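Reviewing the structure listed below.
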Amino acid sequence: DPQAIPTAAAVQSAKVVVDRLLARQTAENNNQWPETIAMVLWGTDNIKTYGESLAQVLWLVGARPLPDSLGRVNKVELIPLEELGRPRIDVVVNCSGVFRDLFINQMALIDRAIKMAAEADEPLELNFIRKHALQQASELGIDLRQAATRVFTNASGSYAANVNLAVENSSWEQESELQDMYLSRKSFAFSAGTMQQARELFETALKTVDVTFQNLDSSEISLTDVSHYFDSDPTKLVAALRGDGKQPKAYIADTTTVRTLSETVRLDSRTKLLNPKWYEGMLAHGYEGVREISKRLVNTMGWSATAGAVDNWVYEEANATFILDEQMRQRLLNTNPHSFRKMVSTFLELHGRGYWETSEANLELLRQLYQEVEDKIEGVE
Ligand SMILES: [K+]
């Protein structure tokens, strides 16, 4: 029931997460407030939380919902700056296609809130939406309301950046290509039927991003269980667009019960890809199990592609665990030659793309093993 969202419980849960996100960012970077946060809104998650990440967006821009009598959220108002107790933070609101499919009315609500923030008569140092929208209105020669466009998604009918697909298929040379794919697919703006492409305004707003942010429940679907999270990650994109080339700080709120993306990748890697409990658990399935391990390594590479969030030691440990250990290598090779070949390919690709630095010895062995499994695959075929 899309008008039910967000509930007073979701509003209250969301305040805690946003205060924690801003506290970490200020404490780390010279007590500087971030100007703009790029964040993803997943539709399934907004069902389950009665609109927690929705409410996080409203909190950031200093808006509160207004349930009528039938518990419908039809309107917003601004929190006054003395109540907010900090600047209005600008937000690039990257809605999933599914969020768009289910919550067009709530995409309209966010939009009203941000335009409201933009038009407010308040000092620019306490209203980063207003500060940006005026600069943006001036640069591009448009209205302030037009300039205060922040609610973006896929084209009507479409899903995903297809950065996941690029990584899974190894069908790309430079990061610019992944970044071009994202900007070409995610630049469709909500406005008062049709998502209008607005690429130049999407790029302009993206260049103002200081922080990237997503909510995830690592207990249910971790950062590396699926490709959809790195698919939606604009961390390296923002660096590549910005005049100053500054990569924004990246965070993940884990809703299991706020970390840097780096911290979250390290936790997931030691819990899943590098953890004996996990990979032995997968190999118990046999043929499918080796596929799951290969998939994990590909999704980890995805985070290298979008964020450079994977420490070299993660790839060195994965190589030591699955390739250098002759016993484990033989089990992979014997159970699933096809997924073993993919894993060997993925280790060589990671070196090829500069995401993994390793010894000549390790690479020679990977090439040697690449030859041997192909020779075996063609053996039966
Ligand atoms: K999507």
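FYI, nothing fancy with the structure tokens labels: chains A, B, ... in order, residues from 1 per chain, ligands from 1 as they appear.
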**Report entry** DSSP alpha helix (DSSP H) residues within region 131-276 of chain A, listed as a VMD selection string
**Finding:** chain A and resid 131 to 140 144 to 147 163 to 169 175 to 186 199 to 206 228 to 231 235 to 241 261 to 271 276
Requested in this report: Would you list the residues that come within 9 Å of ligand 1? Count only C-alpha atoms and all ligand atoms and give the answer as a list in words.
Outcome: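 Those residues are residues 42, 94, 95, 96, 97, 98, 99, 100, 153, 154, 158, 159, 160, 161, 186, 228, 231 and 232 of chain A.
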Emit the selected residues as a JSON list (two decimals), in the first residue's frame, including N, CA and C atoms.
```json
[["chain", "number", "residue", "atom", "x", "y", "z"],
["A", 42, "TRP", "N", 16.03, 0.83, -3.14],
["A", 42, "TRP", "CA", 15.52, -0.49, -3.57],
["A", 42, "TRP", "C", 14.06, -0.62, -3.11],
["A", 94, "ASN", "N", 18.92, 7.83, -6.52],
["A", 94, "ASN", "CA", 18.96, 6.80, -7.58],
["A", 94, "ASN", "C", 17.96, 5.70, -7.24],
["A", 95, "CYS", "N", 16.75, 5.80, -7.78],
["A", 95, "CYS", "CA", 15.69, 4.77, -7.54],
["A", 95, "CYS", "C", 15.91, 3.58, -8.46],
["A", 96, "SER", "N", 15.80, 2.37, -7.92],
["A", 96, "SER", "CA", 15.81, 1.14, -8.73],
["A", 96, "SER", "C", 14.61, 1.18, -9.70],
["A", 97, "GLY", "N", 14.65, 0.46, -10.81],
["A", 97, "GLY", "CA", 13.48, 0.31, -11.71],
["A", 97, "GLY", "C", 12.26, -0.19, -10.96],
["A", 98, "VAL", "N", 12.46, -1.15, -10.06],
["A", 98, "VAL", "CA", 11.42, -1.81, -9.22],
["A", 98, "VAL", "C", 10.89, -0.77, -8.22],
["A", 99, "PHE", "N", 11.75, 0.10, -7.68],
["A", 99, "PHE", "CA", 11.28, 1.19, -6.78],
["A", 99, "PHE", "C", 10.34, 2.08, -7.60],
["A", 100, "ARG", "N", 10.73, 2.40, -8.83],
["A", 100, "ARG", "CA", 9.91, 3.20, -9.78],
["A", 100, "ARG", "C", 8.58, 2.48, -10.08],
["A", 153, "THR", "N", 16.06, 7.36, -12.20],
["A", 153, "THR", "CA", 15.83, 5.90, -12.33],
["A", 153, "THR", "C", 16.13, 5.45, -13.76],
["A", 154, "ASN", "N", 15.82, 4.20, -14.04],
["A", 154, "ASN", "CA", 15.91, 3.61, -15.39],
["A", 154, "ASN", "C", 14.78, 4.18, -16.24],
["A", 158, "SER", "N", 12.69, -0.32, -18.11],
["A", 158, "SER", "CA", 14.10, -0.83, -18.02],
["A", 158, "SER", "C", 14.56, -1.06, -16.57],
["A", 159, "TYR", "N", 15.58, -1.91, -16.39],
["A", 159, "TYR", "CA", 16.19, -2.22, -15.08],
["A", 159, "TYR", "C", 17.72, -2.29, -15.17],
["A", 160, "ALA", "N", 18.41, -1.69, -14.19],
["A", 160, "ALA", "CA", 19.85, -1.94, -13.90],
["A", 160, "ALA", "C", 20.74, -1.05, -14.78],
["A", 161, "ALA", "N", 22.00, -0.88, -14.35],
["A", 161, "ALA", "CA", 23.01, -0.08, -15.09],
["A", 161, "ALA", "C", 23.63, -0.95, -16.19],
["A", 186, "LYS", "N", 20.75, 5.37, -16.30],
["A", 186, "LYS", "CA", 20.22, 5.73, -14.97],
["A", 186, "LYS", "C", 19.82, 7.21, -14.94],
["A", 228, "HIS", "N", 23.97, -6.75, -8.02],
["A", 228, "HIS", "CA", 23.03, -5.62, -8.23],
["A", 228, "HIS", "C", 23.52, -4.42, -7.43],
["A", 231, "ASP", "N", 26.51, -2.97, -9.33],
["A", 231, "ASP", "CA", 25.85, -2.48, -10.57],
["A", 231, "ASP", "C", 25.42, -1.01, -10.42],
["A", 232, "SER", "N", 24.88, -0.67, -9.24],
["A", 232, "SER", "CA", 24.26, 0.62, -8.87],
["A", 232, "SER", "C", 25.29, 1.57, -8.21]]
```
Query raised in the report: Residues at most 8 Å from region 43-59 of chain A, counting only C-alpha atoms, excluding those fewer than 3 positions away in the same chain, as a ChimeraX atom specification?
Result: /A:4-7,10-11,13-15,17-18,62-65,91,93,96,98-100,102-103,110,113,215
Report task. Work out how far CA of residue 341 (chain A) is from CA of residue 370 (chain A), in Å to one decimal. Result ->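 Taking CA of residue 370 (chain A) as the start and CA of residue 341 (chain A) as the end point, the length is 6.4 Å.
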Query raised in the report: Quick one, how far is CA of residue 39 (chain A) from CA of residue 209 (chain A)?
Result: 9.9 Å
Requested in this report: Can you pull out every residue within 8 Å of residue 234 (chain A), counting only C-alpha atoms, but drop anything in the same chain fewer than 5 positions away, and send it as a ChimeraX atom specification?
Outcome: /A:38,179,212,306-307
Requested in this report: Skip residue 117 (chain A) itself and residues of its chain fewer than 4 positions away, then list as a list in words all residues within 8 Å of it, counting only C-alpha atoms.
Outcome: residues 61, 62, 78, 88, 113, 127, 129 and 130 of chain A
